[PDB]
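Have a look at this one.
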Protein chains: 4
Amino acid sequence: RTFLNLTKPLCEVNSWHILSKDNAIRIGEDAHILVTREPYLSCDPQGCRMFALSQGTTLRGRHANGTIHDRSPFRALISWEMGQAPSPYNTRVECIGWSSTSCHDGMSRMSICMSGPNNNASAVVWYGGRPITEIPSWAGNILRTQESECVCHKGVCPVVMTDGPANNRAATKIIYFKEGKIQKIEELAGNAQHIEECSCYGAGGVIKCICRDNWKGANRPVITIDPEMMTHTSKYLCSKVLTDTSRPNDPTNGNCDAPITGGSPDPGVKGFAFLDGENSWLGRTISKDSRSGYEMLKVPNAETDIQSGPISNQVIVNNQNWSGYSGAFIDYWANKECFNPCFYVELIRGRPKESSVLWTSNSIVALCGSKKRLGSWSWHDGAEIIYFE
Amino acid sequence: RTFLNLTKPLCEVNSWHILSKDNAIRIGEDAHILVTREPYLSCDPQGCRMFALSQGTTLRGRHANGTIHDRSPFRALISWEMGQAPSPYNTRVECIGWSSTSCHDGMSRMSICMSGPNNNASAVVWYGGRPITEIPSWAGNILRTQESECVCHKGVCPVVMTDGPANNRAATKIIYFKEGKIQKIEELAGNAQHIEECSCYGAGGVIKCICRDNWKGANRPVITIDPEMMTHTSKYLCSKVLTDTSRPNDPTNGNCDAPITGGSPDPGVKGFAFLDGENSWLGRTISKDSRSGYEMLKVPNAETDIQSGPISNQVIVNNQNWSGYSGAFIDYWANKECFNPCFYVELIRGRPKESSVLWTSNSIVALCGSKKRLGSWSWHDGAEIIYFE
Amino acid sequence: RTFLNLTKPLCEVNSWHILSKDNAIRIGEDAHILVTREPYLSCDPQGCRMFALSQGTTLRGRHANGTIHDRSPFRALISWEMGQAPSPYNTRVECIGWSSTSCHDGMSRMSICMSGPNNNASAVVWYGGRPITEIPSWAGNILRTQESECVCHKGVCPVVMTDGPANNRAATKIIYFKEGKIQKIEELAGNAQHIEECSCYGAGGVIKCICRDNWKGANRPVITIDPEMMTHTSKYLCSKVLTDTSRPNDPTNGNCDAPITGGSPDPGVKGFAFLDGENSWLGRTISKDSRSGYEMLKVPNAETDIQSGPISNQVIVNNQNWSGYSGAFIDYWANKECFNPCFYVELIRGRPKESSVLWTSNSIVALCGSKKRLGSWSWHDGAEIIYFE
Amino acid sequence: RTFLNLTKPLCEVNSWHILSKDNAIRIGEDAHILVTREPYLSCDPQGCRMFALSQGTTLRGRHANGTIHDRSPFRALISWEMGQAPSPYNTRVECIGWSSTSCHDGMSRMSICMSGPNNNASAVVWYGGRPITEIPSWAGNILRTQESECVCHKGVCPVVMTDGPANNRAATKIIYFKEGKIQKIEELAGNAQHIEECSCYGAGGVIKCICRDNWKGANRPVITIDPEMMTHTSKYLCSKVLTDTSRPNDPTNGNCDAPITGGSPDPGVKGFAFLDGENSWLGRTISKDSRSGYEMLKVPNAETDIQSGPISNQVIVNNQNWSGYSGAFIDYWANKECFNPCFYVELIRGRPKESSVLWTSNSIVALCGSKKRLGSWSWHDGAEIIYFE
Ligand SMILES: *[C@@H]1O[C@H](CO)[C@@H](O[C@@H]2O[C@H](CO)[C@@H](O[C@@H]3O[C@H](CO[C@H]4O[C@H](CO[C@H]5O[C@H](CO)[C@@H](O)[C@H](O)[C@@H]5O)[C@@H](O)[C@H](O[C@H]5O[C@H](CO)[C@@H](O)[C@H](O)[C@@H]5O)[C@@H]4O)[C@@H](O)[C@H](O[C@H]4O[C@H](CO)[C@@H](O)[C@H](O)[C@@H]4O)[C@@H]3O)[C@H](O)[C@H]2NC(C)=O)[C@H](O)[C@H]1NC(C)=O
Ligand SMILES: *[C@@H]1O[C@H](CO)[C@@H](O[C@@H]2O[C@H](CO)[C@@H](O[C@@H]3O[C@H](CO[C@H]4O[C@H](CO[C@H]5O[C@H](CO)[C@@H](O)[C@H](O)[C@@H]5O)[C@@H](O)[C@H](O[C@H]5O[C@H](CO)[C@@H](O)[C@H](O)[C@@H]5O)[C@@H]4O)[C@@H](O)[C@H](O[C@H]4O[C@H](CO)[C@@H](O)[C@H](O)[C@@H]4O)[C@@H]3O)[C@H](O)[C@H]2NC(C)=O)[C@H](O)[C@H]1NC(C)=O
Ligand SMILES: *[C@@H]1O[C@H](CO)[C@@H](O[C@@H]2O[C@H](CO)[C@@H](O[C@@H]3O[C@H](CO[C@H]4O[C@H](CO[C@H]5O[C@H](CO)[C@@H](O)[C@H](O)[C@@H]5O)[C@@H](O)[C@H](O[C@H]5O[C@H](CO)[C@@H](O)[C@H](O)[C@@H]5O)[C@@H]4O)[C@@H](O)[C@H](O)[C@@H]3O)[C@H](O)[C@H]2NC(C)=O)[C@H](O)[C@H]1NC(C)=O
Ligand SMILES: *[C@@H]1O[C@H](CO)[C@@H](O[C@@H]2O[C@H](CO)[C@@H](O[C@@H]3O[C@H](CO[C@H]4O[C@H](CO[C@H]5O[C@H](CO)[C@@H](O)[C@H](O)[C@@H]5O)[C@@H](O)[C@H](O[C@H]5O[C@H](CO)[C@@H](O)[C@H](O)[C@@H]5O)[C@@H]4O)[C@@H](O)[C@H](O)[C@@H]3O)[C@H](O)[C@H]2NC(C)=O)[C@H](O)[C@H]1NC(C)=O
Ligand SMILES: *[C@@H]1O[C@H](CO)[C@@H](O[C@@H]2O[C@H](CO)[C@@H](O)[C@H](O)[C@H]2NC(C)=O)[C@H](O)[C@H]1NC(C)=O
Ligand SMILES: *[C@@H]1O[C@H](CO)[C@@H](O[C@@H]2O[C@H](CO)[C@@H](O)[C@H](O)[C@H]2NC(C)=O)[C@H](O)[C@H]1NC(C)=O
Ligand SMILES: *[C@@H]1O[C@H](CO)[C@@H](O[C@@H]2O[C@H](CO)[C@@H](O)[C@H](O)[C@H]2NC(C)=O)[C@H](O)[C@H]1NC(C)=O
Ligand SMILES: CCC(CC)O[C@@H]1C=C(C(=O)O)C[C@H](N)[C@H]1NC(C)=O
Ligand SMILES: CCC(CC)O[C@@H]1C=C(C(=O)O)C[C@H](N)[C@H]1NC(C)=O
Ligand SMILES: CCC(CC)O[C@@H]1C=C(C(=O)O)C[C@H](N)[C@H]1NC(C)=O
Ligand SMILES: CCC(CC)O[C@@H]1C=C(C(=O)O)C[C@H](N)[C@H]1NC(C)=O
Ligand SMILES: *[C@@H]1O[C@H](CO)[C@@H](O)[C@H](O)[C@H]1NC(C)=O
Ligand SMILES: [Ca+2]
Ligand SMILES: [Ca+2]
Ligand SMILES: [Ca+2]
Ligand SMILES: [Ca+2]
């Protein structure tokens, strides 16, 4: 039992295989399943777990009414065994709040939750199930973080947090933790103009965080982190293949160093990418307007080449079904010589796209890379909204 | 593993961070959640757990009708993983009865329940999950105890118990346990005139229990116990900031050595304080009349100065929401050179304040100290009573 | 871990303290609780568990209809953590069938279930969770066993089984198991004329089993087993305090060596006694006709003196409430120099006594000895049958 | 822990004893039980577990409507503690998909699930709870596998898989795994003309797989695997006692090297046999047309002798009750000098035979061999379909 070192390179990926699917909304039509959103997965030496923000109600409960609302005192980060649906009976409360991240350093799990009023939020940083550190809001406007896993190297786990406007310049910082205790704080530097909801992974001693610019860019920011020196750089994905939502049509040429703007009507969604030269994969919603569909695109040199475009594709969720947030995680403790990319998609059901119900929740699907050429089908949520009417 | 000793000082506390919230009434509107009251938390080397007295029914069950009643043969002390709500599926029965305390000595957990008729109640003392000792009523009138955790030092865990009237002089004893066996029994000594429902914590080799005088006093008794010498003293909180409910307006001067009378309509509520010179915090309901709201007041020298008043505050539960009991606990096994104060508030829903339902139950919120200046918002229960009509 | 040796005497018992209560019918009015009957408790080095025969349905399920029926292919011996109610989610299936026993030898648990048709039943004997031995019916008429725990000594665990009529002379055997394998089989010897449902405990190298004569006697048979020699004797309880149900009024003199007839209208009920000279306690129903109420009577020399009568009494279940089977168990792994007697009462609800519902089920209460003089109250089931109409 | 080696012979079997029964449909009438089909059991050093393919809904859920359908993105292989019913709360997700196998090699469990569209399905091979290998369809037509446990020897676990028509010649392969990695792939050889849903067990260094010829034969194919050389042969069960469903009347002689055709209206059902000279047992449905009843027949030399017929029988499920799939498993880690045959019967309820409900599910019964002559009765599902109307 030792601190995780990000020594290994990323595995070659040619297609994506199914890892897990919880069918939460289908099950929760009758069983006692908690209302969630903002899910993710995170692993540790023993296996992987699902994580999400509970709304502190079940899906069939009367309190599901009004769960489109983002921030309340009734939310918490919960975790559970991968593949089960989240019930009041099988879920571990990691921390209390309405924005989270979590990662395992090889010894113990760090979980962070922000809570409080918009003008005076605070994070509590847990390690090994105990609270270690608290961090007050520095800009007085919804202190918040990744909504997917963080990554650790030799016990140091960088976390990206933002405080400030969601629709204008904000105050992002990279906080470097060890055993839950702040080792260093950096202000965001570089050419990314706005940072939300980073999706982060490690390979060859480098952590890359692929984020949501909610202010300008339909191209995604990328923060590159050295967890040994505890330093970073930022810019945008170079590729012309735009991967936020909403977004305009892909232009001739992307831009490494500035946002590519446009699209309607929404300013962003959490997303991810794996960036490894020829071995690069970008996720995005199929729709360039709405959180519908989900596709993986193999885009060689997406990180460096403004003319890069897709050479493969795999549909994860068909464009007749609702998607949601997406994020990266890796089973860093697999018995492999390489770290194999994995990702999840949040399958949002209910408001605001399905207004015949009073609630908003999600289910989860997760996939990992394969070097083989595997066939694909759509892993949509599967619930019938009529049954909830 | 070793027996806990209380040699560490209390941590400096400048504000309170969220530790846990179970949202039990919201969840229990639809899921199978047990009806409880008299909750608390208690920790051990592995972590902290939630505790409460079940009523032996679920919240939506027909048998929730009538659960304002305090003492029945269907009640039990239950414990569960911190943050979950208490269901029939995730709860451990610690002991049977209708008044309890529990605490971990570093090796094993002691749990004590009282049961029986009013005139012939008895305690059963459990240690490591096995029954060790039984204690028959000495005064023939509802033998009872703290309703929050006890504290242990070098194997010795003092517990404060009362037997006798709730509205007149009663027979309080301090019973000193080791591995669930009585080491010594003391009658209450000193200037506290009536003792109920002590909230106790250790620091600096000293256990302080802040109690409820249900006879005359709107100021809270304080018992100070030396667990090495197995002796105690008692008096009242000196501060003019009165902390029982009901209470009169705060007077110009408190009284260290007599009850301050007044207040309407209720004789008392379980509460707590942390008393550490300048580093002193008093909890109380916001209402001076009713169990609504909850505030933390930093009252330097509350223990010693009749003129001591607040220098800061933090609303825990707004005064538009119901509160209930509150009590002290500490994670004495944290990785810290000091013991950090924690507390909970019982958020009572249903009767008698909400008589549109037939039941009485509660949810839990718990917070711990921070040296930082954290923002705050109200952590009220969050259930809509209309949904239960 | 080591094999249990019955090296200690019984503890002195002056009164009985509450050990556990599951409130299963109150909870199972709304939560998913299995229909059961024939419960017991059994301990091991880690603590004690509850056991019962499930009916393979929940209480509120439609399949609860008709659960007065004793023997179906849907029944199983389930065990669960002491104090919880038995749900589909917290119960361990020990074995399949409609009559059982179970005991822990200090290394692993042996469980035995009988199943099959009346004329062709069979036992399966499990050890450490694996099936070891099978035993075919020898008399072609409902091969069956204790319905409470067995007892082990130096790895030898005797079990009493009957096969044959319930209303005439039957073929009872004592089978001595070690690690689930048969060591020896004895035909019943001595003066007991009919044996059902033995309740057994150990002390001082002797196992005593207090049974139900369903044929003739209102006095209970007593089998005395030597688990080292693997031999036994039998007779009846001597006391004039008759403890089966139904029974006649207590005569002025018992009978050590023949059944005392009389009683209407029930031929018997499972019960128990602790027999230890002056330290002897007899349980029975308060009603002499019906499974109503439950009392403990201290009857010095009940085992040897036909004139022995009660010197003290404790009501366990008042005679306005339903009782049921009762049986013995001991926490042989307690940290005491003596083995402390415990018992349980099955609190039967529904048919036949409560015919306004379609089901028959039970809850459990359990108590253990105290040397103190504890007060008592009634530990009845607590469910309101009207809520199930 | 060490790799399992198939060193032991089969145990003599003269009758079958009950091992487990989950009563899932009875319980699931009211409790939250997943819809399933294609169940099995599989053991490991600690005991045995139940397995099945969930439909990603509860039985009383609205999503149970349409669960006759075989292949959806909402299915998964789930496992749970033997004898419990499968709920969302007690089931482990082994892998995602709509065809499976699993087996333990003595060190860890391998589980394999196929998912995807009919023309582009893929297997994912898990070991120790982590994905190891992926296998794309080779024939573009529902890559699929055993639907009961595989068997391992010295770390090598062969698995039979088919891809191609269900009603014509298909491409079957035997894939030999070690630690979830492919050691060798063989095309099916020998005289079996069509292979589906193999039921496999090991004894004396040989693995025997008794399968389903869904194209022609009402006699069952038998694949014999040498797990050290990683080679096999195939033919049919010799015996005139035909054991697929549907089937014609048993002919005067069977045929070891070609299918015996006929029967109406269905082309096959998954089944099993244990083949060990005299000590040979064949399962089959009692009906020759429908999945009704289930019987075990002792058919000496069924593997070699075309004139072999039954010398004994045991009814497992009477012919007034629905059966379903059946399969082999063995507790290879029992404390016996032989490996004792076990099997399960899938008890299918709902569509198509019970059209008054919208769903299809099942419960499980499992039995193992006994050398004794045990009595038997019918272990039918036991649910009342009227309660679901
Ligand atoms: C970001 O978050 C942080 C932390 O969550 C937060 O920090 C707080 O900042 C405020 C100032 O903005 C601090 O407030 C101070 O509180 C001091 C003590 O207040 C309590 O006690 C008062 C005295 O009570 C006694 O006597 C009265 C009158 O006779 C009697 O009613 C009482 O029963 C008792 O006997 C009391 O009046 C006061 O009441 C307020 O709060 C209660 C709930 O507790 C509420 O019910 C009341 O309605 C009322 O709101 C309170 O209970 C106080 O002495 C201090 O006042 C001095 O300084 C101010 C300048 O700020 C002067 O105006 C004043 O003259 C005083 O000399 C001041 O009010 C608070 O302590 C901080 N808390 C912490 C934990 O740091 C920030 O506000 C947040 N930022 C944003 C933008 O939200
Ligand atoms: C605090 O709680 C404790 C714990 O429960 C409690 O302590 C008990 O105190 C009472 C006295 O208050 C003690 O009662 C004694 O019991 C003796 C034995 O009684 C049993 O047997 C009697 C005879 O039974 C046989 O004979 C009759 C024919 O005579 C026949 O019907 C029977 O079938 C049988 O053959 C029997 O009469 C008696 O019945 C009582 O109790 C049963 C429940 O078991 C109930 O259903 C009946 O309605 C009835 O109440 C019982 O079954 C008894 O010998 C003894 O009598 C002497 O003492 C009293 C004074 O106490 C004298 O008045 C009398 O003349 C005798 O000299 C007495 O009844 C009991 O043993 C204590 N138990 C323990 C565990 O200590 C405290 O009272 C509680 N305090 C408060 C304030 O509530
Ligand atoms: C077994 O399943 C396999 C796994 O899914 C499958 O293998 C797949 O085979 C298909 C057909 O051969 C291959 O498709 C090839 O894909 C590349 C990549 O195409 C993607 O990118 C292009 C270009 O996008 C950009 O420019 C367009 C054009 O101007 C803009 O609109 C856009 O915004 C971008 O700037 C895009 O046009 C493609 O569009 C397809 O896919 C999406 C979903 O991702 C649909 O929404 C869309 O309508 C259309 O169907 C696509 O996004 C392409 O260049 C080649 O020409 C070819 O199309 C897959 O790559 C291959 N996948 C893998 C993982 O191997 C097998 O086909 C399947 N077998 C069977 C029998 O079903
Ligand atoms: C305690 O329970 C014991 C456990 O069950 C039980 O012991 C059983 O005792 C019975 C009665 O002695 C024995 O029966 C014997 O069985 C053999 C084999 O019978 C099976 O095979 C024959 C031949 O089948 C083939 O040919 C026929 C006709 O041409 C075809 O129809 C069939 O397809 C085959 O091609 C078959 O006729 C038998 O049919 C019976 O059983 C089936 C269920 O399997 C029913 O559907 C059917 O109606 C009929 O009842 C059977 O399948 C036979 O050859 C002997 O002559 C004799 O019948 C059991 O073998 C024996 N079992 C064991 C495991 O020991 C005890 O009886 C019981 N005690 C009490 C008191 O109940
Ligand atoms: C869902 O929640 C909304 C918001 O609380 C409920 O709408 C309120 O209903 C109350 C009681 O009738 C009104 O007095 C409020 O003014 C309404 N508020 C708003 C914002 O509309 C609605 O009733 C709930 N629906 C259900 C079915 O519970
Ligand atoms: C809640 O509990 C009360 C008390 O048992 C019930 O009130 C009784 O109702 C019974 C049955 O109709 C009447 O005979 C009595 O008049 C009532 N007793 C008292 C003290 O009021 C009430 O019915 C229960 N309510 C529900 C909905 O279960
Ligand atoms: C069960 O599932 C079927 C299939 O989805 C449902 O049938 C549909 O019902 C809707 C609403 O009545 C109709 O618009 C469609 O025409 C039907 N579709 C088909 C394919 O038949 C059926 O309603 C469901 N039944 C229940 C009780 O949920
Ligand atoms: C507050 C800004 C932030 C990022 C743009 O909004 C997020 C957008 C969300 C969204 O676009 O769906 C939902 C998130 N729950 C919300 N985060 C919080 C903490 O409320
Ligand atoms: C019996 C006196 C005691 C302290 C005043 O009453 C308490 C008051 C209560 C209260 O004020 O809410 C509830 C407690 N459940 C009750 N305790 C018992 C054991 O019934
Ligand atoms: C079959 C005789 C036996 C003992 C008299 O009957 C018992 C009586 C019972 C009873 O008196 O309540 C219930 C038991 N479940 C039953 N046992 C079985 C195996 O059916
Ligand atoms: C696809 C052919 C295959 C074997 C003949 O059909 C099976 C028949 C079934 C059956 O006969 O009941 C149900 C199985 N779930 C199905 N398998 C799959 C993967 O769909
Ligand atoms: C108290 O516990 C601490 C930490 O285990 C230990 O170092 C110290 O010696 C203890 N003091 C006493 C007097 O037991
Ligand atoms: Ca954007
Ligand atoms: Ca008071
Ligand atoms: Ca009798
Ligand atoms: Ca066939």
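Numbers restart at 1 for each chain; the letters A, B, ... are given by sequence-line order, proteins then strands. For ligands, and for the atoms within them, numbers begin at 1 and follow the listed sequence.
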Query raised in the report: Quick one: nearest non-hydrogen protein atom to atom 71 (C) of ligand 4, plus distance?
Result: C:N119 ND2, 4.0 Å
Report task. Distance to 0.1 Å, residue and atom name: give those for the protein heavy atom nearest to atom 10 (C) of ligand 11. Result -> D:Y325 OH, 3.0 Å
Report task. Could you establish whether D:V241 and ligand 4 come within less than 4.0 Å of each other, counting only heavy atoms on the residue side? Result -> no
Report summary line: of all protein heavy atoms, closest to atom 35 (O) of ligand 4 is D:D250 OD2, 2.4 Å
Query raised in the report: Is there an N/O/S atom in C:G217 at a distance below 3.0 Å from the Ca ion (ligand 15)?
Result: yes
Query - Check: C:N191/C:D257 side-chain N/O donor and acceptor closer than 3.5 Å - result: yes
Query raised in the report: Judging by distance only, is a nitrogen or oxygen of D:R75 under 3.5 angstrom from one on ligand 11?
Result: no
Query raised in the report: What do we get for D:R291 next to ligand 11 when only non-hydrogen atoms under 4.0 Å count, side chain, backbone, both or neither?
Result: side chain
Query raised in the report: Hey, is ligand 11 close enough to D:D70 that some N/O pair sits below 3.5 Å?
Result: yes
Requested in this report: Among all protein heavy atoms, pick the one closest to atom 2 (C) of ligand 11 and tell me residue, atom and distance.
Outcome: D:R144 NE, 3.6 Å
Query raised in the report: For atom 20 (O) of ligand 11, is some protein heavy-atom partner under 4.0 Å away?
Result: yes
Query - Protein heavy atom under 4.0 Å of atom 29 (O) of ligand 4 - result: no
Query - Residue, atom name and distance, where the atom is the protein heavy atom closest to atom 10 (C) of ligand 4 - result: D:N313 ND2, 4.7 Å
Requested in this report: Can you pull out the closest protein heavy atom to atom 6 (O) of ligand 11? Residue, atom name and distance to 0.1 Å, please.
Outcome: D:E197 OE2, 4.7 Å
Query raised in the report: Nearest to atom 4 (C) of ligand 4, what protein heavy atom do you find, and at what distance?
Result: D:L374 O, 3.3 Å
Query raised in the report: How about C:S323 and C:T285: does a side-chain donor come under 3.5 Å of a side-chain acceptor?
Result: no
Requested in this report: With atom 33 (O) of ligand 4 as the reference point, say which of D:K288, D:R284, D:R373, D:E295 has the nearest heavy atom.
Outcome: D:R284
**Report entry** Aromatic ring pairing D:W98/A:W377, orientation class (parallel under 30°, perpendicular over 60°, tilted between)
**Finding:** perpendicular
Requested in this report: Can you confirm whether something in the protein, heavy atoms only, sits under 4.0 Å from atom 64 (C) of ligand 4?
Outcome: yes
Requested in this report: Would you mind checking which non-hydrogen protein atom is closest to atom 46 (O) of ligand 4, with the distance to 0.1 Å?
Outcome: D:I286 CG2, 3.8 Å
Query - Per-residue contact class, D:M114 against ligand 11 - non-hydrogen pairs under 4.0 Å - result: neither
Query raised in the report: Looking at atom 57 (C) of ligand 4, is any protein heavy atom nearer than 4.0 Å to it?
Result: no
Query raised in the report: Quick one: does atom 41 (O) of ligand 4 have a protein heavy atom under 4.0 Å from it?
Result: yes
Query raised in the report: Can you tell me which residue and heavy atom of the protein come closest to atom 66 (C) of ligand 4, and the distance to 0.1 Å?
Result: C:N120 ND2, 3.7 Å
Query raised in the report: Can you check whether D:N214 has an N/O within less than 3.5 Å of an N/O in ligand 11?
Result: no
Query raised in the report: Is the closest heavy-atom distance from D:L242 to ligand 4 below 4.0 Å?
Result: no
Query raised in the report: Any idea which of C:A121, D:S370, D:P310 brings a heavy atom closest to atom 21 (O) of ligand 4?
Result: D:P310
Requested in this report: Under 4.0 Å, heavy atoms only, figure out whether ligand 11 is touched by the backbone of D:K270, its side chain, both or neither.
Outcome: neither
Query raised in the report: Is there an N/O/S atom in C:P267 at a distance below 3.0 Å from the Ca ion (ligand 15)?
Result: yes
Query raised in the report: At the 4.0 Å heavy-atom cut-off, does D:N319 count as touching ligand 4?
Result: no
Query raised in the report: For atom 49 (C) of ligand 4, is some protein heavy-atom partner under 4.0 Å away?
Result: no
Query - Contact (N/O only, under 3.5 Å) between D:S376 and ligand 4 - result: yes
